[PDB]
Amino acid sequence: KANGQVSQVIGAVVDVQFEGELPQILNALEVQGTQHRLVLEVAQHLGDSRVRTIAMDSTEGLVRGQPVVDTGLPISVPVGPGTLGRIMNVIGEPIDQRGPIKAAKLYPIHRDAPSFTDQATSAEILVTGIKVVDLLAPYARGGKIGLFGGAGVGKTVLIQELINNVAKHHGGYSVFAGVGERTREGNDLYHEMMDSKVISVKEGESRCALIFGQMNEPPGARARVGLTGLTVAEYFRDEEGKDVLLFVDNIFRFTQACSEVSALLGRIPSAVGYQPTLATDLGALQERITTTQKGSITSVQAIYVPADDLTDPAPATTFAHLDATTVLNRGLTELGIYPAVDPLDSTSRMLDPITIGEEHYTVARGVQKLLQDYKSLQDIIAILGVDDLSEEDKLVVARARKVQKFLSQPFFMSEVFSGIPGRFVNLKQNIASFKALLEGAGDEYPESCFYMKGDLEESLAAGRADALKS
Amino acid sequence: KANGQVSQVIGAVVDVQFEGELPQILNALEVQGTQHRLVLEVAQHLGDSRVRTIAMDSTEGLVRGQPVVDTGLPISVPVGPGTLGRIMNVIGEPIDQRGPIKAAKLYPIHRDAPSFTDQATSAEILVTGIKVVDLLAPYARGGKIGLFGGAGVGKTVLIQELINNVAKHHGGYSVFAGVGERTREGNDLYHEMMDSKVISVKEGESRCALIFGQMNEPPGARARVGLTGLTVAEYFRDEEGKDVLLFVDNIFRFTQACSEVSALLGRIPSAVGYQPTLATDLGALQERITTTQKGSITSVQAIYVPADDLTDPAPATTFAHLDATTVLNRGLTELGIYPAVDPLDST
Amino acid sequence: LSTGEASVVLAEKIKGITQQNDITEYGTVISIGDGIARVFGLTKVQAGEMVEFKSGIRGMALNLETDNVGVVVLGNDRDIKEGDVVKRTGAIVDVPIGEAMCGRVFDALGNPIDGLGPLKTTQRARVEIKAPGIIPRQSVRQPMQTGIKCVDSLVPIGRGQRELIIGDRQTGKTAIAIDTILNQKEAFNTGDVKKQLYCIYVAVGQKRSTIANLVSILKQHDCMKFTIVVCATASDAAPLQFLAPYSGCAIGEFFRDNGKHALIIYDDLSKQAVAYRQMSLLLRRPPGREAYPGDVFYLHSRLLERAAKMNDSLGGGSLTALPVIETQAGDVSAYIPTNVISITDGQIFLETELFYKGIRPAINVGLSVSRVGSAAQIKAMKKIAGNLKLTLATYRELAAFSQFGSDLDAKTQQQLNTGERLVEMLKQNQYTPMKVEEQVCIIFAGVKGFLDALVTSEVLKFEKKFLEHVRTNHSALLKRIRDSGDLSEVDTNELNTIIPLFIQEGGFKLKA
Amino acid sequence: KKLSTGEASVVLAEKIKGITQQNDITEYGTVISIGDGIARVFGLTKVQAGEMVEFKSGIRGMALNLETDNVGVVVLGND
Amino acid sequence: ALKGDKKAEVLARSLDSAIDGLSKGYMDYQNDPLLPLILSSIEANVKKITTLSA
Amino acid sequence: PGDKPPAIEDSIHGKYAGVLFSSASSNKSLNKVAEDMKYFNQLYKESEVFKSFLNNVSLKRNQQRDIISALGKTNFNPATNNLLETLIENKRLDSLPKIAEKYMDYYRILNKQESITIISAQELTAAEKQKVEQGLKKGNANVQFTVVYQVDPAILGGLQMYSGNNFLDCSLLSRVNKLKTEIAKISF
Ligand SMILES: Nc1ncnc2c1ncn2[C@@H]1O[C@H](COP(=O)(O)OP(=O)(O)OP(=O)(O)O)[C@@H](O)[C@H]1O
Ligand SMILES: Nc1ncnc2c1ncn2[C@@H]1O[C@H](COP(=O)(O)OP(=O)(O)O)[C@@H](O)[C@H]1O
Ligand SMILES: Nc1ncnc2c1ncn2[C@@H]1O[C@H](COP(=O)(O)OP(=O)(O)O)[C@@H](O)[C@H]1O
Ligand SMILES: [Mg+2]
Ligand SMILES: [Mg+2]
Ligand SMILES: [Mg+2]
């Protein structure tokens with residue numbers, strides 16, 4: 001029985017007038033008489049039995065006085081294996097067209113983060129197959145992972161490769177929540193997981209769930225679909241101590257959607273137009289994405305950096321929550337290097353001689369010094385040239401160019417662009433390859449052979465082959 | 001009959017309370033009991049029979065409750081050959097001390113722009129005599145021209161050269177409208193015109209009209225004098241059919257004026273303080289400055305660039321309306337090059 | 001069909017004309033200003049619903065408040081007065097769609113401003129509709145030939161994708177769109193439906209004189225028979241400039257859902273954002289950075305996400321968008337440009353420096369990119385485009401050294417020369433779209449190194465002369481490259497033989 | 001003016017009714033609005049600035065804004 | 001028909017049809033003379049054109 | 001009637017009027033307060049000093065209270081007296097007129113009687129008007145109403161009825177426009 005009724009409709013913000021027993025904040029309200037199921041998330045109590053809410057679907061077609069029903073609980077979504085291999089909406093609707101979703105129960109997307117005593121942090125190397133990442137910014141199983149990138153630097157391609165390299169052959173389940181991104185990419189990923197047999201129509205299989213709150217969706221949907229994906233993972237973690245892989249396509253869209261309605265909700269704008277509650281809104285989400293005594297969650301989230309300004313409030317605040325950070329640089333793309341992982345800016349909390357081998361730590365630091373020294377020389381090289389440099393500086397420049405090119409690795413998902421098949425590099429081979437380059441193992445061969453190669457042996461063979469060819 | 005009474009006075013914005021039969025928007029009202037007749041163009045219907053309006057003359061001396069008369073028609077200015085050789089005000093009053101103007105009719109300064117069906121290309125070059133202009137960005141007779149420049153780079157001097165080179169030898173009529181410019185320049189141009197024989201006191205001569213809303217005028221005046229001058233030209237274009245030369249000393253002032261009053265009208269400010277309705281107001285004025293099947297209007301508009309910031313909203317929005325552009329650079333003046341035309345930015 | 005039989009059908013049709021009128025709730029205007037009308041009553045009115053005033057002009061009910069309703073006047077608001085009547089039509093904004101639209105010029109609402117005649121159509125589609133889901137779509141695998149060598153080779157555009165033409169004023173943004181429309185004309189004349197591409201041009205905040213010149217140009221080339229022009233000029237009210245892009249997109253969805261392919265060209269979307277900002281500020285909505293509403297990104301995204309490549313189950317139709325963005329001083333770091341770049345797939349950057357240095361089209365290949373990549377290009381194209389891209393990067397790197405070092409090595413000199421010939425070849429005049437197969441021949445002559453012989457100043461004329469020679473003497477080769485879409489080895493050899501031969505025969509400056 | 005948050009319909013209704021019952025206005029408050037972790041409370045006079053207050057559920061709050069007609073409190077927990 | 005020359009019945013017929021519409025919730029022009037009047041002219045022209053295929 | 005006003009509005013006068021309507025309709029009475037508020041409206045426009053007193057803001061609270069008492073302490077429902085006291089305390093006395101008007105509006109909405117206006121080009125003959133009444137009756141047939149006439153349209157032979165907030169167009173002008181538009185779209 002509907003007690004409330006619509007009173008004010010502006011954009012995506014909706015005010016409702018209730019007669020008695022107002023709903024708690026964050027509850028979900030169902031509008032009656034709409035052609036499509038429309039849900040409202042309570043955001044404020046304005047007094048006089050009025051509540052201000054944010055709509056999850058388009059408000060076009062609403063009418064003042066339209067009855068509203070109170071569910072008495074926040075937005076609840078189906079959890080469990082029934083979501084595996086099925087595309088789901090922010091409110092739990094199946095958008096794959098394969099039928100209703102079977103769930104043991106419905107869990108709410110809003111919950112308090114895990115306590116401090118049950119944090120249960122643990123460090124364990126995660127072999128992604130990407131040599132630059134495995135070397136400079138190792139990933140930790142059960143720790144957050146961030147991919148900071150601007151527009152068109154390759155963080156979407158990187159997410160696909162991590163899926164291909166990690167998602168498969170992973171005992172536990174995986175979740176992919178894509179919030180704010182384009183719908184074309186969603187179709188590609190669904191078909192790719194189907195081809196790769198990560199998901200299938202055959203039940204009991206398809207160990208991966210998909211949630212999509214893409215651009216076409218209005219604000220409030222892009223702001224809560226991330227929580228929906230996270231809730232699925234929390235069930236898989238708590239109820240079953242199974243390792244979970246959470247892939248969040250751009251999360252910057254989460255804060256962006258919030259700011260799109262902050263003004264209409266009454267808040268005053270902050271420094272760069274963001275809502276005042278940016279940090280807390282974001283932290284409430286990050287703290288839930290963590291490993292605990294029951295299970296572990298390995299979260300890979302992409303943060304879009306608008307205009308390549310790493311000082312923007314959104315990514316700046318996110319930095320603090322991440323264990324491993326991967327900063328994509330646009331300059332490398334101009335050079336042709338892919339992935340465009342900034343070797344210097346990228347950092348990892350696991351880059352410690354105690355956690356990883358001392359040799360690994362030593363090799364990484366040497367590479368960073370080599371690249372930094374090369375960057376310093378570039379200035380004088382512009383004016384004087386490489387000739388006027390000393391042999392020491394010449395060797396530094398030569399070895400650095402080879403190392404920078406060797407950092408480039410061709411992934412399977414990138415073949416269509418380049419035309420060369422992907423390659424996977426083990427940890428031992430990666431460390432040895434870079435260790436050898438530091439010793440001058442490849443200072444003989446041309447730098448061209450250290451491009452889009454997997455291991456040092458492959459690169460040396462290609463160089464020798466090109467000689468016999470000419 | 002004086003059905004209205006002044007409710008509140010805020011600078012150049014005046015509210016009026018009416019008993020009944022509220023005037024349409026853009027209609028002209030005349031305040032009673034004030035020397036130097038004051039006209040107010042309706043701008044908003046606030047509700048409860050209150051209308052907010054803009055004043056064309058100084059509002060100092062107004063008293064709340066003072067009566068107001070509804071003319072029932074927008075600001076109507078005299079048009080025709082009588083305007084030739086005569087200086088007019090924003091409301092059509094003569095300020096040359098030559099006597100009342102003889103006009104066949106009075107046209108309203110507010111009119112819809114010509115439709116899509118009535119448009120002409122008229123791609124014929126106009127030789128100004130200036131090599132840089134004729135070479136890099138040649139002006140097209142029958143098309144809109146825009147001079148962009150900062151403070152003291154040669155916009156006014158360039159306008160005078162065009163008049164000397166183009167206006168004098170021109171065959172058809174001409175119209176010069178000054179919006180928010182120094183009154184000394186108006187005096188100099190009038191006497192220079194009389195001397196050049198372009199205008200004379202003798203009737204049947206003076207193929208040029210003059211309109212002035214110079215700085216000393218308050219807002220609302222600098223915002224509508226352009227429309228007044230534009231209307232004098234539209235008559236010659238449509239009824240007479242002959243070619244017209246419309247010179248506009250800086251049009252930015254127009255925009256600026258509206259800004260200075262927008263805040264008072266209760267509008268939320270735009271990016272850097274301008275009004276939210278900048279583009280629409282500017283476009284309504286610009287779409288009327290165009291050639292049609294009836295006749296051609298070659299318009300030379302000077303645009304003031306505040307603080308030499310071409311990214312300012314006013315000149316940026318103006319760029320889109322112009323066929324030919326002439327951007328004046330201050331660096332060239334330092335080098336001594338005159339006219340300080342930027343060949344790379346003048347398209 | 002006999003004329004008498006047709007007339008009888010027409011008479012019967014006129015006979016069956018229904019017209020019902022129902023009690024429509026009406027309200028009064030509390031206030032009116034700057035095109036915004038605050039209305040009292042008028043309850044049970046839907047958000048976004050259309051309303052009609054006394055004169056006959058429409059309005060859109062955007063703000064539903066407990067006290068009143070905020071309506072935007074879709075036109076000139078001089079006749080509106082306090083206490084006037086506002087009647088609710090009961091239908092969300094919509095526009096007439098169909099094939100009869102082609103060859104006409106409309107406004108945002110759909111009314112024809114051509115003066116030819118009333119629009120004979122029966123289909124009306126809602127302007128704002130939910131975009132296609134993930135399943136209906138399909139991978140983009142068909143080329144949308146613009147006719148620009150640099151674009152078709154370096155920045156391929158596939159049907160169903162979204163490419164952003166971004167640049168400063170007077171850099172050739174509109175020229176690219178017009179050239180694209182012209183290239184499509186050949187397909188319509190020839191009966192190949194699988195390549196017909198209806199072109200839609202949405203003009204937002206432009207002087208009517210400019211649109212008139214553009215329509216005359218289209219008529220001159222007879223490319224107007226398959227083009228639709230939606231006009232929301234500067235004099236038009238801000239809401240019209242706000243709805244025109246959405247109106248045009250709905251017209252395109254018609255073709256998309258009906259197995260056809262449509263190209264919609266949104267003129268500057270920055271102007272649409274300005275109109276939306278104006279319409280929202282006048283509605284007393286809290287402003288964001290640069291005074292734009294908070295949800296400007298949602299505006300553009302909801303619009304552009306409509307463009308998609310539907311799956312074969314629904315007809316395989318496609319809608320391709322080419323939004324235009326104007327930058328102030330080449331700063332793509334601004335708010336609106338930043339959003340749109342994140343929305344679209346790729347962007348074509350136009351630079352003013354390149355424009356005046358003779359590089360026209362002024363396209364910055366270093367920044368331009370396309371997500372679809374070679375998936376859209378034809379077989380004969382991808383092969384040459386890879387080597388072409390590699391050559392362009394090397395030329396840019398060595399340009400700086402030559403100016404100051406002033407010493408050139410034999411190997412470097414050849415690479416430097418080769419890049420220069422290619423840059424001259426990529427140049428293209430205005431209103432001169434090239435066929436895809438002809439592009440292959442010209443780009444082939446370039447990458448293979450043959451152009452390094454003749455002087456740079458003659459490369460452009462050799463293009464014209466050689467293309468004519470091929471069309472006349474070697475027409476079967478072109479037909480193969482066109483039909484098959486692939487450059488076979490036999491064609492490679494045949495082409496590789498005639499190119500050097502022609503350079504030697506014709507009168508050119510052979511000294512490199 | 002526009003309005004005052006202390007002019008709630010429920011509080012105003014009591015005045016119109018004429019029953020002068022405030023249920024010990026001093027040291028007790030009734031929430032009028034809640035949003036973004038900030039609760040405005042009518043009454044609750046005699047409350048010092050920067051003092052802790054207990055809500056019906058059990059979560060505490062800090063009185064930071066002592067206004068004429070209400071008290072702006074920041075809730076020390078989930079809203 | 002908007003002119004004179006037998007326009008009285010039109011206004012009379014409209015009044016009758018208008019009272020009906022008012023008497024009812026909606027308004028339908030089942031009895032309006034405009035449609036039959038237009039059909040008469042069009043049927044005459046159609047009959048005029050329908051002579052034979054030749 | 002459920003102690004719920006016709007409409008809910010957040011405006012100052014709207015808020016106070018709604019509370020007054022609810023409170024008044026709660027105890028027993030609405031018509032009594034209606035006379036009180038109606039009396040204030042007539043007085044606000046007829047008595048010049050009373051209008052100047054309400055609008056006067058430099059007046060103290062105690063002074064406002066004494067002058068109101070001098071007007072009358074009885075013949076006003078207790079709700080009205082409590083309302084005035086509240087307004088004085090909240091400095092809202094200046095908005096007292098609007099509230100009054102607004103309240104009566106709500107009251108007039110509760111009034112079942114309504115006025116119907118008919119617009120026709122031709123002058124309505126008395127016999128024709130009687131037929132129109134029969135049609136409007138048969139349409140409603142359950143509510144008494146008062147009819148009003150108005151003849152200055154451009155339409156011809158057409159009737160347009162306005163009933164409070166509903167509009168029904170039977171005009172022949174609409175038929176003319178509809179036909180000319182549909183004939184254009186025949187698409188032969
Ligand atoms: N391929 C070309 N070759 C030679 N000239 C060209 C070419 N393309 C454009 N031009 C010139 O560029 C000018 C117009 O550029 P265009 O209008 O197409 O870009 P735009 O971004 O739309 O400019 P605006 O911001 O004023 O609309 C013209 O002077 C045109 O002659
Ligand atoms: N490993 C790669 N190798 C070659 N090209 C790449 C590679 N990764 C990306 N590109 C290019 O980068 C672009 C994709 O960037 P993307 O990952 O989608 O960032 P975003 O998600 O912000 O859009 C594509 O044009 C793609 O062709
Ligand atoms: N052709 C010129 N030759 C020499 N000096 C010039 C020339 N044009 C302008 N100057 C200088 O430019 C200055 C300002 O010119 P003006 O057009 O009045 O600037 P503004 O745009 O501020 O009105 C003149 O005082 C004059 O000294
Ligand atoms: Mg992406
Ligand atoms: Mg000057
Ligand atoms: Mg353009």
# chains A, B, ... in the order shown; residues from 1 in each chain; ligands from 1
>>> residues_around(residues="residue 51 in chain E", least_positions_apart="6", cutoff="12 Å", atoms="only C-alpha atoms", output="JSON, numbers by chain")
{"C": [2, 3, 4, 5], "E": [45]}
>>> write_last_selection(atoms="C-alpha atoms", output="mmCIF file, in the first residue's frame")
data_model
loop_
_atom_site.group_PDB
_atom_site.id
_atom_site.type_symbol
_atom_site.label_atom_id
_atom_site.label_comp_id
_atom_site.auth_asym_id
_atom_site.auth_seq_id
_atom_site.Cartn_x
_atom_site.Cartn_y
_atom_site.Cartn_z
ATOM 1 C CA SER C 2 -4.350 3.752 -62.803
ATOM 2 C CA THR C 3 -4.734 7.448 -62.064
ATOM 3 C CA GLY C 4 -8.423 6.885 -61.382
ATOM 4 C CA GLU C 5 -7.675 4.006 -59.032
ATOM 5 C CA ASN E 45 -13.638 15.133 -59.649
#
>>> residues_near_ligand(ligand="ligand 2", cutoff="8 Å", atoms="only C-alpha atoms and all ligand atoms", output="PyMOL selection string")
(chain A and resi 149-159+181+249-250+302+304+333+336-340+409-411+413-415+417-418) or (chain C and resi 342+345-346+369-373)
>>> interface_residues(of="chain A", to="chain C", cutoff="8 Å", atoms="only C-alpha atoms", output="CSV table (one decimal) with C-alpha atoms, in the first residue's frame")
chain,number,residue,atom,x,y,z
A,7,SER,CA,5.7,16.2,-5.0
A,8,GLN,CA,8.7,17.6,-6.8
A,9,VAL,CA,10.7,16.4,-9.8
A,10,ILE,CA,13.8,18.2,-10.9
A,11,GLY,CA,16.3,16.3,-13.1
A,59,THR,CA,12.4,10.7,-14.4
A,60,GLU,CA,10.7,11.7,-17.7
A,61,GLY,CA,7.1,10.6,-17.5
A,62,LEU,CA,6.7,11.1,-13.8
A,63,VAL,CA,3.7,13.1,-12.5
A,64,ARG,CA,3.1,15.0,-9.2
A,65,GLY,CA,0.9,13.0,-7.0
A,95,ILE,CA,19.7,-7.2,-19.0
A,96,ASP,CA,21.1,-10.3,-20.8
A,151,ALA,CA,41.8,9.5,-22.1
A,182,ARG,CA,30.7,3.1,-22.8
A,183,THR,CA,28.3,0.4,-23.8
A,184,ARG,CA,30.2,-0.7,-26.9
A,186,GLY,CA,30.5,-3.9,-22.6
A,187,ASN,CA,29.3,-5.9,-25.6
A,188,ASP,CA,32.9,-6.7,-26.6
A,215,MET,CA,26.9,6.2,-19.4
A,216,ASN,CA,23.4,5.9,-20.9
A,217,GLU,CA,22.1,5.4,-17.4
A,218,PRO,CA,21.3,8.6,-15.5
A,219,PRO,CA,23.0,9.7,-12.3
A,259,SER,CA,28.5,15.5,-8.0
A,260,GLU,CA,26.0,15.7,-10.9
A,261,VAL,CA,23.2,15.6,-8.3
A,263,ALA,CA,23.8,20.6,-6.2
A,264,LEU,CA,20.1,19.7,-6.6
A,269,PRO,CA,29.9,22.9,-4.4
A,272,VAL,CA,36.5,21.7,-8.3
A,273,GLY,CA,32.8,21.3,-8.5
A,306,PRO,CA,40.6,14.1,-16.5
A,307,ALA,CA,43.0,16.2,-18.7
A,334,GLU,CA,53.6,9.0,-28.5
A,416,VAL,CA,44.1,-6.4,-33.7
A,417,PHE,CA,45.9,-3.1,-33.2
>>> select_by_dssp(residues="chain D", states="alpha helix (DSSP H)", output="list in words")
residues 9, 10, 11, 12, 13, 14, 15, 16 and 17 of chain D
>>> atom_distance(atom1="CA of residue 126 in chain C", atom2="CA of residue 50 in chain C")
11.7 Å
>>> residues_near_ligand(ligand="ligand 3", cutoff="8 Å", atoms="only C-alpha atoms and all ligand atoms", output="list in words")
residues 149, 150, 151, 152, 153, 154, 155, 156, 157, 158, 159, 304, 333, 336, 337, 338, 339 and 340 of chain B
>>> select_by_dssp(residues="range 127-182 of chain F", states="strand (DSSP E)", output="list in words")
residues 146, 147, 148, 149, 150, 160, 161, 162, 163, 166, 167, 168 and 169 of chain F
>>> interface_residues(of="chain F", to="chain D", cutoff="9 Å", atoms="only C-alpha atoms", output="list in words")
residues 10, 11, 12, 15, 16, 18, 19, 20, 22, 23, 24, 27, 78, 79, 80, 81, 82, 83, 85, 86 and 90 of chain F
>>> write_last_selection(atoms="C-alpha atoms", output="PDB file, in the first residue's frame")
ATOM      1  CA  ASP F  10       6.678  25.146   0.767  1.00  0.00           C
ATOM      2  CA  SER F  11       6.139  28.893   0.356  1.00  0.00           C
ATOM      3  CA  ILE F  12       5.853  30.958   3.526  1.00  0.00           C
ATOM      4  CA  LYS F  15       3.060  26.675   4.807  1.00  0.00           C
ATOM      5  CA  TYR F  16       1.121  28.736   7.344  1.00  0.00           C
ATOM      6  CA  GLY F  18      -1.854  24.661   5.241  1.00  0.00           C
ATOM      7  CA  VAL F  19      -1.187  24.333   8.959  1.00  0.00           C
ATOM      8  CA  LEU F  20      -4.133  26.613   9.670  1.00  0.00           C
ATOM      9  CA  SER F  22      -5.317  21.336   8.940  1.00  0.00           C
ATOM     10  CA  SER F  23      -5.593  22.633  12.503  1.00  0.00           C
ATOM     11  CA  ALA F  24      -8.912  24.361  11.847  1.00  0.00           C
ATOM     12  CA  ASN F  27     -10.893  20.668  15.842  1.00  0.00           C
ATOM     13  CA  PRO F  78      -8.871  30.708  18.728  1.00  0.00           C
ATOM     14  CA  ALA F  79      -6.831  29.318  15.847  1.00  0.00           C
ATOM     15  CA  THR F  80      -6.815  32.779  14.271  1.00  0.00           C
ATOM     16  CA  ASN F  81      -5.692  34.382  17.533  1.00  0.00           C
ATOM     17  CA  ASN F  82      -2.932  31.805  17.958  1.00  0.00           C
ATOM     18  CA  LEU F  83      -1.915  32.358  14.342  1.00  0.00           C
ATOM     19  CA  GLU F  85       0.527  35.554  18.003  1.00  0.00           C
ATOM     20  CA  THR F  86       2.819  33.176  16.125  1.00  0.00           C
ATOM     21  CA  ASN F  90       8.211  35.064  13.947  1.00  0.00           C
TER      22      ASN F  90
END
